[PDB]
Amino acid sequence: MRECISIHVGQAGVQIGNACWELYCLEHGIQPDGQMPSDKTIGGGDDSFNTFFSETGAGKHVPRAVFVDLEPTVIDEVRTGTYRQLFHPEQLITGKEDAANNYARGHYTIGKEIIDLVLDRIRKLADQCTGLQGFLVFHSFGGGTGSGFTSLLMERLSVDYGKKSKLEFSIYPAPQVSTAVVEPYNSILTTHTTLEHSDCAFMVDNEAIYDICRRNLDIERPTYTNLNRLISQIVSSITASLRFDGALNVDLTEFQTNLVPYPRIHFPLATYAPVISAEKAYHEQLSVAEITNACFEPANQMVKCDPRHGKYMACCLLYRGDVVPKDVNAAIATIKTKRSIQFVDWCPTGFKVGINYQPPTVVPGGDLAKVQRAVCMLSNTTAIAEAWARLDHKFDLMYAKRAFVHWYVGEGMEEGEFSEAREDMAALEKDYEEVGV
Amino acid sequence: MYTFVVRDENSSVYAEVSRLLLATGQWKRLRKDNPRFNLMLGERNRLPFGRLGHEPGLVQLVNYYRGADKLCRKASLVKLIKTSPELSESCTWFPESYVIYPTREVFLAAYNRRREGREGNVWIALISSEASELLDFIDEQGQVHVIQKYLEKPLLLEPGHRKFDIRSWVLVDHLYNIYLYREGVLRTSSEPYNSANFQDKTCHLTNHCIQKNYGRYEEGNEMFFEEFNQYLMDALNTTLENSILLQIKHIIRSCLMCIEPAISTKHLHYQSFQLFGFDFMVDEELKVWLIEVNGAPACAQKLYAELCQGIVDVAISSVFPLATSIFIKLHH
Amino acid sequence: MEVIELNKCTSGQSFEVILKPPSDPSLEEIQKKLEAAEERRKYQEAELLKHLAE
Amino acid sequence: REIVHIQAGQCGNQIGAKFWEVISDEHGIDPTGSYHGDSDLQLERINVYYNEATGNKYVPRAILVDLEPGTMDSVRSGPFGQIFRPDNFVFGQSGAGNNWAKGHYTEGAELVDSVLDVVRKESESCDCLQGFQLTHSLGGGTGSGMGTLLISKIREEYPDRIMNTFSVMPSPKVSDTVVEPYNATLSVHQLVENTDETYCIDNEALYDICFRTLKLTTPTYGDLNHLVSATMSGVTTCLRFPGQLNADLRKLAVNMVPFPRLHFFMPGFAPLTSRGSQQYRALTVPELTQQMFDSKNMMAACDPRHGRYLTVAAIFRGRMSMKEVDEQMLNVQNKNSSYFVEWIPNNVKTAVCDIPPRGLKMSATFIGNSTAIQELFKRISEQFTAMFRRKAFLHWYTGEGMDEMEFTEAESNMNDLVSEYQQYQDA
Ligand SMILES: Nc1nc2c(ncn2[C@@H]2O[C@H](COP(=O)(O)OP(=O)(O)OP(=O)(O)O)[C@@H](O)[C@H]2O)c(=O)[nH]1
Ligand SMILES: Nc1ncnc2c1ncn2[C@@H]1O[C@H](COP(=O)(O)OP(=O)(O)CP(=O)(O)O)[C@@H](O)[C@H]1O
Ligand SMILES: Nc1nc2c(ncn2[C@@H]2O[C@H](COP(=O)(O)OP(=O)(O)O)[C@@H](O)[C@H]2O)c(=O)[nH]1
Ligand SMILES: COc1ccc2c(c1)CCCN2c1nc(Cl)nc2ncccc12
Ligand SMILES: [Ca+2]
Ligand SMILES: [Mg+2]
Ligand SMILES: [Mg+2]
Ligand SMILES: [Mg+2]
């Protein structure tokens, strides 16, 4: 057994972390006080779920997690919420004034004063690990803390944990729920600085999650709570192999090996099905073939884009519920004949499949219906670069006029970091084009 | 009001479609780079499909199918037919073609049977009967090009003994309905057909531009369906519908149904339509052959008003409705 | 379809399906860039206080 | 995230008092400072504007400044006058005579240090001071001259805090003295350099609204201040109430101000209401949205169709469909996209607050950074030059030690501000 430490940075990272750990507790039978009746080894163990939970002598199962935000109101809700007993106070870190939607304020001005404290709190968890594998880092692209402080934290983690894998769950900005007009700046700045320090990053476009909630959950105006419960389901599907017995994606290193053949192109596309409303009184349970076929509909992706017009480098299918390999292979044979699934020429055309028999868990009173079977597809397709093209275009429009640049320069950043960051993105988009034509 | 942007000022078709939209009073034109548009009349190269369908509160439509180039480039068309089982290696309405990369593997294998049975053995790039002289031409150029069997026995109009090609305009809407404009046009050669030398190629190349005697038998070397049909009746005792148009509809349907999975926008966050130009060649036996597909065609001055008005009715107002049909729907 | 490396446990199973084969900065540099940025902030603030003193 | 409020001069203290009346009622605080409200959303962010006192009393973090006692006596006599900390009353006796030089250089200089003493005491009690908001007029002497002197000194002692002002622009339609263009031009020069955000409250617009729209034939300052207090309550909603945004003054500045000098906002309000008269039909979300963007609802006498919007912040208050709000706001941008600069994508942000202001079931407040605000500064620049070309009335200022050069400099900077706004209206 090898431990994983989760780090949640900024409002988006913290609130998504809340949703994930709530779901983790429900999936493992861990109560809000940290007790786990099914765990017969009191005070310790090297079970699969111990990758995410440590144990006290009193039988408390404590998330291997740190929450950090430059302002306290969001993490204060964790300190007084349903799962307040779950976390030790020292893993919940807050300042008093946030990055004001400003990457440079989060990375330089305010981040320089709290980075050492955060690394010391992370060191405290690392010392409880017999064989730490790496980190899972949750944050927004658009927030000043989520972008600015995350990139600083990621750099230092490479220095202090050089041999450790680092995975990201990143919230890509969407105007329908976005908060700041400068989020394209913060996204490009943080992506540039973080690119070489991340082994694998799962982007979630709030636009995709928003529309999925409106379309399939019949929520007219989804809130963060609606979005995060859906995101936590996808995050759970992705991390289930780390928390449960199995042969696929059992260590963070395996994510890179299975999903990322080139280091810089390390942004797999997540596609999830089925998303069914709890309110719907009559539902027809979808078969293996139907939910698998849904993995190739852009409407079910975490980022809207067209994989038919890109190339695949890797594809994993993560099933939960009543699924046997025979039906998966049958569904795949049909799908291959009716869909445009092109792989790069230097990669085999194949699916890596994992099945957990336990069907997806849903939070009581939530919006998601209980389903008999679900699947999350992780495909590394060049089509995801459409999202970079979109982001870089918005960046170019504002930066051509230097709009808002004075706010970043005023925090100690140099104008040249804007163009340096943008050039890295131009190279990234070029990489995706070489691999996809 | 509905909003639209114009990003290909060189399009005669959509220049006319702009005016019609403005003339309705319910359409406003924005500047090229304004993102809050309902309709994009996009550029022809590097159209940013990835930026479409991400504007909250705007249903967005574009006049091009992403992925339709696979059909509208000569090299890609040949690959699409040889490798797609729906069309297949032995498709009856596409001439033998081979893709040749200029610094040929199997082309010489067929050309060397050509010398066996002493059959017609002229090919096209640009026309020749000797391979090693068209290949000196391919490589002294630079880009890729296809070499295709030149049809030696075409149908010749009388009087004149003339060669011709048929251009059909086909509109595909956001629902992937396939609409064949009822008006076609024959692009005739004002020169008599000479099969004794292909070096002189004004009687072989039927392009309206390459006809710089031009305008003799009919205005602008354009014979339309009304007259061409009456000709087929007087001359050959048949109709345009029976002898030619059935095969043309079959070919159009086949091509577009083959790529529908790859280019359909049915469940996409943006919507597409596109106007295609299919070019057909008719042989001595009233047999139709597909020559190529144009993804950004122009029209004939006679037909601009009617066809462009039809694009608005079928492709634009169907998605953005306002406050007898000239198309034949090819069913599938 | 080639089905390989099938592994079965009580919790589920995993396997692979093939259709077709193929055709950092140091702590020192971080500390300096953070200090360089802080130098620029303090320079800009000293310029303001100079201007306010005038 | 505490805000320190400062009100200076006659106008500043009169709109400042009404502001505290309006938001005190919205938060359920009475003239004695005791909270007798019904909802806890009233108290969640009460500390932004109120200190807590012995006995669960709420004391506005407000400092009242003037060079003459008269208006401040009226405030302490006013309905809520007993809620302010008595030590936060700082006044002289000589008055400023509608003379910027007196407020900035002579009379004001004698009093400014004792105002900074009160500011320092209020700031030191702050858990984490956001910054300051100043209410003042630009056409007088104390709020204009001493107010901008305070802003300068406040920036010197708190260079990393946000400075926000509600600045009343003079108008010959509502005018006390001919020297108001002089005082306003000198003040705008200060505001361009030493505030992060300035709400341009134009007495010209306030008069026109009372006259043309509210059908008041002879509006008083009390009628003008009714529009001001409703606007000030609106634009501070996201500071005072817990929303999706958790907004503060710095985030407002970061997102609204693409270039540091262009930080002068056009406020707007809907529905437009007169005092002591209640209309009974609530506005639908479409009507709220269309009115809030209407030039007739703008508090700065500028035609928004004469420029382009750099950024916009819109706040809807009341019980309404947020889905309908999103659709209507998207409708405005999509149908009028030429008036929103294309080089700042998605430059219109919306917030919703369930609590409506007193007397209304739904309201909308508009905050616009429009290049059309240059019309306001051009107007003042023309009135300034009409007198300055003859050096008329200058002796009131040279008598306090000022030189003509300083007038020439303020004129040039404001004309620069005008041309800088023009630069981005053509882009
Ligand atoms: N999906 C999701 N997105 C969120 C959530 N909270 C914020 N966001 C998104 O994150 C972006 C803003 O970043 P935040 O995380 O709120 O900001 P921050 O990291 O706390 O940084 P500062 O507040 O600027 O110091 C916007 O695009 C929001 O849409 C959330 O709970 N779920
Ligand atoms: N296999 C073939 N057999 C006989 N004639 C052929 C032929 N291929 C092409 N041609 C003749 O050459 C002419 C031009 O060929 P082609 O259509 O490929 O060029 P092009 O792309 O410039 C015209 P467009 O783009 O309008 O379709 C045709 O009109 C036809 O008369
Ligand atoms: N809107 C509004 N404007 C005022 C009020 N009182 C004065 N003014 C304007 O402010 C300017 C006079 O400044 P004033 O505040 O009275 O002088 P000060 O005491 O020296 O700051 C003129 O432009 C007046 O029209 C008021 O109560 N409301
Ligand atoms: C143009 O983009 C913008 C404009 C303004 C703002 C933001 C982005 C992000 C958060 C801060 N912010 C706001 N701040 C405050 Cl105090 N009140 C607001 N009321 C309505 C809307 C926004 C408000
Ligand atoms: Ca145990
Ligand atoms: Mg935050
Ligand atoms: Mg062509
Ligand atoms: Mg007065």
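Naming convention: chains lettered A, B, ... in sequence-line order (proteins, then strands); numbering from 1 in each chain. First listed ligand is number 1; within each ligand, the first listed atom is number 1. All values below come from the heavy atoms of this structure, side chains included, with hydrogens, waters and symmetry mates left out.
- Close contacts between ligand 2 and B/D165 involve ligand atoms 29 (O) [criterion: under 4.0 Å to a heavy atom].
- Contact annotation: for A/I171 versus ligand 1, heavy atoms closer than 4.0 Å belong to the side chain alone.
- Considering backbone and side-chain N/O atoms, D/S137 comes within less than 3.5 Å of an N/O atom of ligand 3.
- Checked by distance only, ligand 1 and A/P173 stay at 3.5 Å or farther apart across all their nitrogen or oxygen atoms.
- Every atom of ligand 2 is numbered from 1 in the order shown, and the set under 4.0 Å from a heavy atom of B/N207 is 13 (C), 14 (C), 22 (O), 23 (C).
- Contacts with ligand 1 closer than 4.0 Å are made by no heavy atom of A/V204, backbone or side chain.
- Near D/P170, meaning under 4.0 Å from any of its heavy atoms, are these atoms of ligand 3: 23 (O).
- Of all the heavy atoms of A/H139, none lies under 4.0 Å from any atom of ligand 1, so neither backbone nor side chain is involved.
- Close contacts between ligand 2 and B/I124 involve ligand atoms 1 (N), 2 (C), 6 (C), 7 (C), 8 (N), 9 (C), 10 (N), 12 (O) [criterion: under 4.0 Å to a heavy atom].
- A cation-pi arrangement is present between B/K287 and B/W289, with the terminal nitrogen or guanidinium carbon under 6.0 Å from the aromatic centre and inside a 45° cone about the axis.
- Atom CG of residue D/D326 and atom OG1 of residue D/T350 lie 7.0 Å apart, to the nearest 0.5 angstrom.
- Taking every non-hydrogen atom of A/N101 and a distance limit under 4.0 Å, the qualifying atoms of ligand 1 come out as 24 (O).
- Residue D/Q10 has at least one nitrogen or oxygen atom sitting less than 3.5 Å from a nitrogen or oxygen atom of ligand 3, judged on distance alone.
- There is no side-chain donor-acceptor pair under 3.5 Å between B/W123 and B/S128.
- Of all the atoms in ligand 2, the ones that sit under 4.0 Å from a non-hydrogen atom of B/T206 are 28 (C), 29 (O), 31 (O).
- The N/O atoms of D/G141, backbone and side chain alike, include one that comes under 3.5 Å of an N/O atom in ligand 3.
- Proximity of A/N228 to ligand 1, defined as any heavy-atom pair under 4.0 Å, is confined to the side chain (atoms from C-beta onward).
- When non-hydrogen atoms are compared, ligand 2 lies under 4.0 Å from the side chain of B/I291 (C-beta onward) but not from its backbone.
- B/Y111 and B/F107 have tilted rings, their planes meeting at an angle from 30° to 60° on a 0 to 90° scale.
- Considering backbone and side-chain N/O atoms, D/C11 comes within less than 3.5 Å of an N/O atom of ligand 3.
- Proximity to B/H204 (heavy-atom distance under 4.0 Å) selects the following atoms of ligand 2: 31 (O).
- Not one N or O of D/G9 is nearer than 3.5 Å to an N or O of ligand 3, by distance alone.
- For D/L224, no nitrogen or oxygen atom sits less than 3.5 Å from a nitrogen or oxygen atom of ligand 3, counting backbone and side chain alike.
- Atom numbering of ligand 1 starts at 1 in the shown order; those under 4.0 Å from a heavy atom of A/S140 are 10 (O), 11 (C), 12 (C), 13 (O), 14 (P), 15 (O), 19 (O).
- Taking every non-hydrogen atom of A/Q15 and a distance limit under 4.0 Å, the qualifying atoms of ligand 1 come out as 6 (N), 30 (C), 31 (O).
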Worked check of side-chain contact (heavy atoms from CB on, under 4.5 Å) between A/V204 and A/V303: CA-CA 6 Å; A/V204 179; A/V303 182; over 6 Å; no
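- Residue D/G143 has at least one heavy-atom neighbour below 4.0 Å for each of these atoms of ligand 3: 21 (O).
- At a heavy-atom cutoff of 4.0 Å, ligand 2 is contacted by the side chain of B/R187 but not by its backbone.
- Nearest to atom 1 (N) of ligand 2 by heavy atom, out of B/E152, B/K74, B/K149, B/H208, is B/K149.
- The side chain to side chain contact (heavy atoms under 4.5 Å, CB included) test with A/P173 is passed by exactly one of A/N206, A/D205, A/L391, A/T179: A/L391.
- The only member of D/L224, D/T220, D/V174 that meets side chain to side chain contact (heavy atoms under 4.5 Å, CB included) when paired with D/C210 is D/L224.
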Derivation of the ring-ring contact (aromatic ring centres under 6.0 Å, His included) call for A/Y408 and A/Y185: CA-CA 10 Å; A/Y408 296 71; A/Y185 281 174; 5.8 Å; yes
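- Among A/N206, D/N246, A/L227, the residue whose heavy atom lies nearest to atom 1 (N) of ligand 1 is A/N206.
- Residue D/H136 does not touch ligand 3, judged by heavy-atom distances below 4.0 Å.
- Contact detail for A/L230 and A/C213: the closest heavy-atom pair is CD2-SG, 4.2 Å.
- Close N/O approach between D/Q14 and ligand 3 is found [any backbone or side-chain N/O within under 3.5 Å].
- With a 4.0 Å cut-off on non-hydrogen atoms, D/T177 does not touch ligand 3 at all.
- In A/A12, the parts holding a heavy atom less than 4.0 Å from any atom of ligand 1 are both the side chain and the backbone.
- The shortest heavy-atom distance from D/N203 to ligand 3 is under 4.0 Å.
- Shown are A/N102, A/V68, A/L70, A/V14; of these, the side chain to side chain contact (heavy atoms under 4.5 Å, CB included) with A/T145 is made only by A/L70.
- Between A/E183 and ligand 1, a contact under 3.5 Å exists for at least one N or O pair.
- Shown in contact with B/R167 at under 4.0 Å from a heavy atom are these atoms of ligand 2, numbered in order with element: 26 (O).
- Per-residue contacts place A/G146 under 4.0 angstrom from the following atoms of ligand 1 (heavy atoms of the residue considered): 18 (P), 19 (O), 21 (O).
- Polar contact check, D/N225 against ligand 3: a nitrogen or oxygen pair lies under 3.5 Å apart.
- Every atom of ligand 2 is numbered from 1 in the order shown, and the set under 4.0 Å from a heavy atom of B/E292 is 16 (P), 17 (O), 18 (O), 19 (O), 20 (P), 21 (O), 23 (C), 24 (P), 25 (O), 27 (O).
- Salt-bridge check for A/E97 with A/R105: passed, with a basic side-chain N closer than 4.0 Å to an acidic carboxylate O.
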Audit row: B/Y193, B/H204, ring-ring contact (aromatic ring centres under 6.0 Å, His included) steps and yes/no: CA-CA 7 Å; B/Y193 179 83; B/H204 297 271; 5.0 Å; yes
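- Contacts between A/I231 and ligand 1, counted as non-hydrogen atom pairs separated by less than 4.0 Å, involve the side chain only.
- In this structure, A/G106 does not count as a contact residue of ligand 1, since none of its heavy atoms falls inside 4.0 Å of the ligand.
- Contact annotation for A/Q11 and ligand 1: heavy atoms of both the backbone and the side chain come within less than 4.0 Å of the ligand.
- Short contacts between ligand 3 and D/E180, defined as distances under 4.0 Å to a heavy atom of the residue, involve ligand atoms 22 (C), 23 (O).
- Here D/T142 has heavy atoms under 4.0 Å from ligand 3 in both its backbone and its side chain.
- Heavy-atom contacts of A/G144 reach the following atoms of ligand 1: 21 (O), 22 (P), 24 (O) (cutoff under 4.0 Å).
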